[PDB]
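Asks:
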Amino acid sequence: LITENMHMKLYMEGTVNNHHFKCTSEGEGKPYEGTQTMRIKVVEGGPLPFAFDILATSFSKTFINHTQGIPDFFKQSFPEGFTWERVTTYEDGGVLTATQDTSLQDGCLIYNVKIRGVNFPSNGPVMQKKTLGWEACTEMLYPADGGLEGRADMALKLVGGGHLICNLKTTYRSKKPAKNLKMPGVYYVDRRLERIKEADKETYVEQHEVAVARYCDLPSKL
Numbered sequence: 004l005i006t007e008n009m010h011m012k013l014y015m016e017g018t019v020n021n022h023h024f025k026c027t028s029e030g031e032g033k034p035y036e037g038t039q040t041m042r043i044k045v046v047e048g049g050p051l052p053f054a055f056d057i058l059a060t061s062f066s067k068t069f070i071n072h073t074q075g076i077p078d079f080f081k082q083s084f085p086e087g088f089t090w091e092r093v094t095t096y097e098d099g100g101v102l103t104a105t106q107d108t109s110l111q112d113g114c115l116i117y118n119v120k121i122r123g124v125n126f127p128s129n130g131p132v133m134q135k136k137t138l139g140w141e142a143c144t145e146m147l148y149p150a151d152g153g154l155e156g157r158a159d160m161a162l163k164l165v166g167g168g169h170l171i172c173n174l175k176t177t178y179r180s181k182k183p184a185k186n187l188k189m190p191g192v193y194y195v196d197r198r199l200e201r202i203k204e205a206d207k208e209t210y211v212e213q214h215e216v217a218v219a220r221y222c223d224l225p226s227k228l
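For reference, each letter of the sequence shown is one residue, going 4 to 62, 66 to 228 in the deposited numbering.
Below you can see the structure in the form of structure tokens.
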């Protein structure tokens, strides 16, 4: 069901600090190679009065290269699909909750996302639009009651050269019955999420991700 080349379509809506917005996107990737591109339009509420960077991780788990024979919870979940829900907490107080549904319809991946961001500081780099994209990061995934949890800290680059850190807590849930899933143990996903293009003080954005799943590649004593 998951071919070597796949397309995706996405619908996103929500609010950040009482600012309403809506996006749509389409893209393609190579799910077994862990690469993908999404071309995103802000269609309502734009240009956004906050940094688009805080929405970046809300635009795709089917496109992770699961190496070393790690069971692939995401690719296994089709045709039924899967969901994820995340709370991202910024060190200066912003909190952004994202809820997502992933389905497969007529050979295309379909994403539906709802966003609720609150308490971003009015004078901070997010609301002031003083961000410059994300550093690479490693997410740890681990089984927890029939689904997976993920944890990562990400660093947001800032105008002037500093960083603002946030913490991501995600739960990934399959729509496939447990009986039909081979669960992985604990593992890690290295990611590089990059902005390739922006047009119109950020109403059009192209993003690229490469994502590779691995175990810890250090020798063990146990």
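Virtual Cβ for every residue (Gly too), placed ideally from N, Cα, C.
Tell me the rounded alpha-carbon separation between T177 and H10.
Replies: Spanning the two alpha carbons is a distance of roughly 24 Å.
Asks: Quick check on the DSSP output: the beta strand (DSSP E) that includes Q82 runs from which residue to which?
Replies: Where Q82 is concerned, there is no enclosing beta strand (DSSP E), although the alpha helix (DSSP H) it sits in stretches over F79 to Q82.
Asks: Using a threshold of 7 Å, state whether the C-beta atoms of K181 and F69 are closer than that.
Replies: No, these two residues do not count as a Cβ contact at 7 Å.
Asks: Quick one: measure Cβ to Cβ for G37 and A150, integer angstroms, because I've assumed they're closer than 8 Å.
Replies: Actually they do not touch by this definition, with Cβ atoms about 23 Å apart.
Asks: How long is the line joining the alpha carbons of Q111 and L162, rounded to whole angstroms?
Replies: Roughly 34 Å separates the two Cα atoms.
Asks: How about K12 and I116: are their beta carbons less than 7 Å apart?
Replies: Their beta carbons are under 7 Å apart, which means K12 touches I116 by this criterion.
Asks: Three-state secondary structure (DSSP) at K136?
Replies: Coil, per DSSP.
Asks: For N129, count neighbouring C-beta atoms within 10 Å of its own C-beta (all shown protein chains included) and say buried if the count is 16 or more, exposed if not.
Replies: It counts as exposed.
Asks: For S180, write down the residues that DSSP places opposite it in a beta bridge.
Replies: Looking at the DSSP assignment, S180 forms a beta bridge with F88.
Asks: Based on Cα-Cα distance, which residue from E215, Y194, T95 and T108 lies nearest to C222?
Replies: That would be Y194, whose Cα lies nearest to the Cα of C222.
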